[PDB]
Amino acid sequence: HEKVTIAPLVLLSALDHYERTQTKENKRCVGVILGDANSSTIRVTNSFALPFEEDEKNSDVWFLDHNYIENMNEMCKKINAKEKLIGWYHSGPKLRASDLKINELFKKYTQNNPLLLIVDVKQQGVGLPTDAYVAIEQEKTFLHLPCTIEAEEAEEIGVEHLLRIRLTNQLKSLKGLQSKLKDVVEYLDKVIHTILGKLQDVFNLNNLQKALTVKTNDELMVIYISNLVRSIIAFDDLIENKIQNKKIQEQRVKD
Amino acid sequence: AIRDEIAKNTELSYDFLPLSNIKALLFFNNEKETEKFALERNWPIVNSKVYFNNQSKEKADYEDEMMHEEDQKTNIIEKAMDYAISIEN
Amino acid sequence: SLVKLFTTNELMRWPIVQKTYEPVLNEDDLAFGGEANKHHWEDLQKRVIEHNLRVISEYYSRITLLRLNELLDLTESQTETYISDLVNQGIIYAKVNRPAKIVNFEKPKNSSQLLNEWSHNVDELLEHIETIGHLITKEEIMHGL
Amino acid sequence: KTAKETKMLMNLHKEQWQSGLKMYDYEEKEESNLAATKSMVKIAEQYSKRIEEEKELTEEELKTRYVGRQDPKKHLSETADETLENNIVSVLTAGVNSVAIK
Amino acid sequence: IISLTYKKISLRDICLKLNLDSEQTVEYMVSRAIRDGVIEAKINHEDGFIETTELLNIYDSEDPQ
Amino acid sequence: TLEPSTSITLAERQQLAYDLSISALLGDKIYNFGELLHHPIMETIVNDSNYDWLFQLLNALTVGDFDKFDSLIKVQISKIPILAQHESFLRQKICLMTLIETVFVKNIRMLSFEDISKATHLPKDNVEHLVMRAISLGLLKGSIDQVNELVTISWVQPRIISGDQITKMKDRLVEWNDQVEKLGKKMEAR
C-alpha cells in the first residue's frame, strides 16, 4: 500500500472551516490539498477550500466549480512550483452520491490517485479527526492507510510556542475493548459476512500453554534483576543525605 | 487425641493405606477395629486399601485474596508491582 | 513428479516407480559410466533417504522410533545411521533417545521465548483497527447510497 | 487560541506524536516492539551494570581523587527508568489478557 | 540429618544409627515432622523405605517470587 | 458476488453453475460448497439433472456416505481417487473451524484424533499420514501432538458463516469487557 503524512497545519485549519460559518448538518464543506503524490508516502504541505453547495434531502444535487481551482493554481505557480494537486477533502463522516461523484472531477488535474480525506467536524472519539483513504476498484473500495503526522523543522517549533505513562494507555485501552463489542452487535442488525470472516481469522492468532508458564516467570525474574538495581538505587538513596547529614553536625561546631 | 495425631500423617500426604498392616501399626487386637477407626475419621473404604479423596480443600465460607485465589490473584501481583512505583514517585 | 516426490516420500512406492518406468533410472546405457547396473540402485536409494529425513523434520515434531522405521524404510540400526550422518555434515538436526526410543525435533530454546516468538501476535492487535476503520466507512456507503 | 485550536494541537504536536492509536500506543511499543527494543534482556541487564561499574568503581571515598562528585547519582536516575520500564511491561505482560482463568 | 544424606532409606536402618526403640516408634516421629512441612518427605509402607519428596528445581516456580 | 456485472439469462446460470460444480470436486481451495450457498448461485439453479452436485456434497460432509454422491454421478469423475481424498478434508475442515471459539470458552485450542476419525470416515493409523499430506500441499499450516493425540493448528481461512459462530465470538468480547470491570477498575483507581 501507500502512506499518508499530513502536516498539523492542514488538520488544524480544516476544523476551523466548520465553526466560522456555523454550518449545520445539511451542508458539508469540500476543499483541496497540495503536495507530492509521486512517492509512496503522501505528504500534504498545503490546503484550501471550495465554494461547494449540496442538498441534504437530495443526494443528486451538488455544485462544484473547477474554474476557481485554475485561477488558484496560477497563483501558486508564482509562489511554490513544487505544489500540485494530490487530492481533496470533504467534511462529515457520511459518504453519499454527491461525495463519491466529485472525486472524478479532481482526477483531471491530478495525475496520481487523488487522496480521500473524511473530516470529522465534531471531533467525537479517539484521535485523528480526518482519516486518510484511497480509492481503488476490484464498485469503489475505500481502504484505510497509515496516518502519520510529520512536519518541517520550522513548523514543529512554532507549534510548541502555541502550547507553551502506564495509566495513560490503560484509560484508552478500556474504552477500546468496549467499542469493539458494539461494532459486532451493530453490524449484526445491519445484516438482518465479509467483516466477520476477517475478524475470525484475526482472533485465531491452554493446551500447549501447560509448559509455557515457566517462560512467563523467567521474564519476570529478569525484571526482578532490575528490581535489585532498584534496591541498589534505594541503597544509593540512603547514601545521598548522609553526606548532608554529617555536614549538619559539622555546622554545629562552626555556628 | 494422641491416636488421632498418630494417624494424621497418613491422611493429608500418604495416599493409600493398607488393611492388615494398620492393625499392627496402631496396635489393634481385631481386624475390624481398623474400619471402625476410619468411620470416625470419615475415610473411604475399598478392598484391602483406604484412599484419601480430601486432598483438595474447598468451601469454608468465602476467601478473598488469600491462599492462591483465581481472579484476585492477578490483582495481588499487580498491587505488589504498583507499590514500588508509588514509592518511587 | 520425481522432483516434487521429495515433498511427500514414504518410500512405499519408490521401488514400484523405478521398476515400472526406468528410462534413465534402473537401466541407463547413455551418459552413465559403470561396469553393471548395481550403481543405479545404490546411488538412487542413498539420495532419496537424505531428502526423506529433511521433510519429516518439518512435519512430525515428535514421533516414536518404532513407527519411524516403517516410514523411512529403515531398520533399527539403519535409522540412527542416516540421522547421525546428516547432523555431522550440517544438514538437519533432531532428537534421538536410545533408551526411550523416542525421536523428537529438538526445538531450539535460543529464540528468547517471549522476546521473539511472542512478537508474531503483532498482526492480531494491528488488524483490529483496520477492520473497524473499513467497517465504519463501508456502513456509511450503503446507508447513504 | 480557541477551544478547537487547543485540543487539535495537543493531539498533533506537543512533545512527540504517538497518537492515531490511543490503546495501541504503549501496547504496541512496549510489547510487540521487544524484538527491536528489549530483545536479549539478559544482555540489557548487563548494560545497567556497566553504567554502575563506570561510576561506583571510580570514587568510593566521597571526595576528589578520581574527579567525581555525583557519580552515585549518575547511574541512579539512568537505571531508575530501566527498572521503571521493566515494571511497566511487567504489568502489561499480565495486561495482555490471554483469557486463561482455569 | 539422616533424611538429607539418604533419599531412600529402609525403616530398619534408622534404628541402627540412633539406637532407637523399635521401627514402630521411629515411624511416628517422622509423622510430627512433615505436618508443618519440616522434612518434606513421604513414608511408603508397602515399598518399605522413606523417600524424600524434594526434587529441587523450584527456581521456575512462583514461590521464590 | 457481483450484482451489476455479468448479466445473463436464467438458462445460462445453470451452465455457469455446471462449471462451478466440477471445480469444487477435486480441490478444497477457497472455502467449500457452502460458499456458493450465500451467493446467488446455488439458489438460482435446479436440483436435478446432475446440477445437485453442489448440494449433495454439502450435506455429505456430516453424513459421511460416499455412495449417495456416487450414485448421482457418472464413471468419468468417480474413477479418480482425488475426489475422495480432498472430500475428507472438508469433513475435518468443519472440525478445524471449531478450534477458535466453539465449545470451550477458556480459549483452549484442542482437537483430538477421535473427533476427526468418525467425521472424515478414516481409520486411526491414517490420521498421521493425513496431516502430512495437508501441510505438504499447502492446504493448512500447523503442528500436531503425537503423544497425547491432539491437534493445534495455525492461520486458516474461516468462512463467512454466522449464528453460533458470531454468538461465541461476541461472548469472548464480553470477557474482554468484563475484565474492564475487573482489572481496569483497579488500575484506574490506583
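From first to last, the protein sequence lines stand for chains A, B, C, D, E and F.
When the letters of the first sequence are read in order and numbered with UniProt numbering, they come out as residues 5 to 142, 151 to 176, 188 to 215, 223 to 235, 259 to 308.
Each residue of the second sequence is one higher than the one before, counting from 184 in UniProt numbering.
Each residue of the third sequence is one higher than the one before, counting from 298 in UniProt numbering.
Each residue of the fourth sequence is one higher than the one before, counting from 205 in UniProt numbering.
Each residue of the fifth sequence is one higher than the one before, counting from 394 in UniProt numbering.
Each residue of the sixth sequence is one higher than the one before, counting from 198 in UniProt numbering.
C-beta atoms are modelled at their ideal positions from N, C-alpha and C, and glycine is treated no differently.
Selected residue, minimal CA-CA separation from residue i, among the options
i: F:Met-366; options: A:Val-138, A:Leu-204, A:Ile-188; result: A:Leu-204
i: A:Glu-58; options: A:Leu-15, A:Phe-233, A:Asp-69; result: A:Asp-69
i: A:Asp-40; options: A:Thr-49, A:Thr-224, A:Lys-195, A:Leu-132; result: A:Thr-49
i: D:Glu-260; options: D:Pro-276, D:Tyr-251, D:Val-271, D:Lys-267; result: D:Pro-276
i: F:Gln-282; options: F:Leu-319, F:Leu-293, F:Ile-205; result: F:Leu-319
i: F:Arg-387; options: A:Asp-206, A:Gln-201, A:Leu-229, A:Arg-189; result: A:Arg-189
i: D:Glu-256; options: A:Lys-300, A:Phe-288, A:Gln-304; result: A:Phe-288
i: A:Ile-122; options: C:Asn-306, C:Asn-323, C:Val-400, C:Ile-433; result: C:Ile-433
i: B:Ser-239; options: B:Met-250, B:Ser-231, B:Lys-215; result: B:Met-250
i: F:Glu-298; options: F:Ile-363, F:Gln-212, F:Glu-325; result: F:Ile-363
i: D:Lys-306; options: B:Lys-262, B:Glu-253, B:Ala-267, B:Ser-269; result: B:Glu-253
i: F:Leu-327; options: C:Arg-344, C:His-348, C:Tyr-356; result: C:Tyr-356
i: C:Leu-341; options: C:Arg-395, C:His-431, C:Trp-311; result: C:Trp-311
i: A:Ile-276; options: D:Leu-296, D:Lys-226, D:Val-303; result: D:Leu-296
i: E:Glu-455; options: A:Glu-293, A:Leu-109, A:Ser-279, A:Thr-269; result: A:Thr-269
Own chain residues within Cβ distance below 7 Å of residue i, not counting five before or after
i: A:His-156; result: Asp-135, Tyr-137
i: F:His-236; result: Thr-198
i: C:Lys-398; result: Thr-361, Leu-362, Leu-363
i: F:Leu-254; result: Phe-230, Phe-266, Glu-284
i: F:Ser-340; result: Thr-349
Neighbouring residues, chain E, relative to residue i (Cβ below 7 Å)
i: B:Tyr-197; result: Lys-435, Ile-436
i: A:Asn-270; result: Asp-453, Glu-455, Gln-458
Listed by chain order, chain B residues near residue i by CB distance under 9 Å
i: E:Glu-439; result: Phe-199, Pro-201, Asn-204
Per-residue contacts from residue i into chain A (C-beta, under 9 Å)
i: B:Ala-267; result: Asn-280, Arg-283
Residue-level contact to chain A via CB, residue i, 8 Å cutoff
i: F:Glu-240; result: no
i: F:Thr-203; result: no
i: F:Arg-306; result: yes
i: D:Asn-290; result: yes
i: E:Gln-458; result: yes
Amino acids of chain D, ordered along the chain, whose beta-carbon sits closer than 7 Å to that of residue i
i: C:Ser-409; result: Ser-243, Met-244
i: C:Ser-416; result: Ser-236, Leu-238, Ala-239
Interface flag, residue i vs chain F, CB-CB below 8 Å
i: C:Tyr-318; result: no
i: D:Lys-259; result: no
i: D:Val-303; result: yes
Nearest-angstrom Cβ-Cβ length linking residue i and residue j, presumed shorter than 8 Å
i: B:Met-264; j: D:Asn-301; result: Not quite, the Cβ-Cβ distance comes to about 16 Å (not below 8 Å), so this is no contact.
i: residue 160 of chain F; j: F:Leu-296; result: Residue 160 of chain F lies beyond the residue range present for chain F, which begins at 198 and ends at 387; the question has no answer from this structure.
i: B:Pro-227; j: B:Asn-236; result: 6 Å
i: A:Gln-127; j: A:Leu-229; result: Not really, about 27 Å apart at Cβ, beyond 8 Å.
i: E:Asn-437; j: E:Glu-444; result: 6 Å
i: A:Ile-37; j: A:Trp-92; result: 7 Å
Residue i: contacting residues in chain B (beta-carbon distance under 8 Å)
i: residue 143 of chain F; result: The question about residue 143 of chain F has no answer here: the residues shown for chain F are numbered 198 through 387.
Partners in chain D for residue i, counting only beta-carbon separations shorter than 8 Å
i: B:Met-250; result: None at all; the shortest Cβ gap to chain D is about 16 Å.
Neighbour list for residue i in chain F, Cβ cutoff strictly below 8 Å
i: A:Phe-233; result: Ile-297, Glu-298, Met-366, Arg-369
Interface flag, residue i vs chain G, CB-CB below 8 Å
i: A:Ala-101; result: Protein chains in the displayed structure are A, B, C, D, E and F, and chain G is not among them.
C-beta neighbour in chain E for residue i, strict 8 Å
i: A:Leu-38; result: no
i: B:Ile-270; result: no
i: B:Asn-192; result: yes
i: B:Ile-189; result: yes
is_contact[residue i, chain C] using C-beta, thresh 8 Å
i: A:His-5; result: no
i: F:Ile-357; result: no
i: F:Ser-268; result: no
Contacts that residue i makes with chain F (C-beta to C-beta distance below 7 Å)
i: A:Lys-61; result: Correct list: empty, because the minimum Cβ distance to chain F is about 26 Å.
i: B:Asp-254; result: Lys-379
Proximal chain A residues relative to residue i, where beta-carbon distance stays under 7 Å
i: C:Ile-438; result: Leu-99
Residues near residue i by beta carbon distance below 6 Å, same chain, minus five either side
i: A:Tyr-22; result: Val-125
i: B:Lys-206; result: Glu-214, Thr-217
i: F:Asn-345; result: none
i: B:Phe-210; result: none
i: D:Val-293; result: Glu-234
Spatial neighbours of residue i in its chain, beta-carbon cut-off 8 Å, leaving aside the 5 residues before and after
i: F:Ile-270; result: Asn-247, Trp-250
Contact set between residue i and chain E, taken where Cβ atoms lie within less than 8 Å
i: A:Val-267; result: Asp-453
Test: residue i CB closer than 8 Å to a CB of chain B
i: E:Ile-427; result: yes
i: E:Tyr-421; result: yes
Chain-ordered chain C contacts of residue i [CB-CB under 8 Å]
i: F:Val-344; result: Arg-359
Interface partners of residue i on chain B, CB under 7 Å
i: F:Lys-315; result: None at all; the shortest Cβ gap to chain B is about 34 Å.
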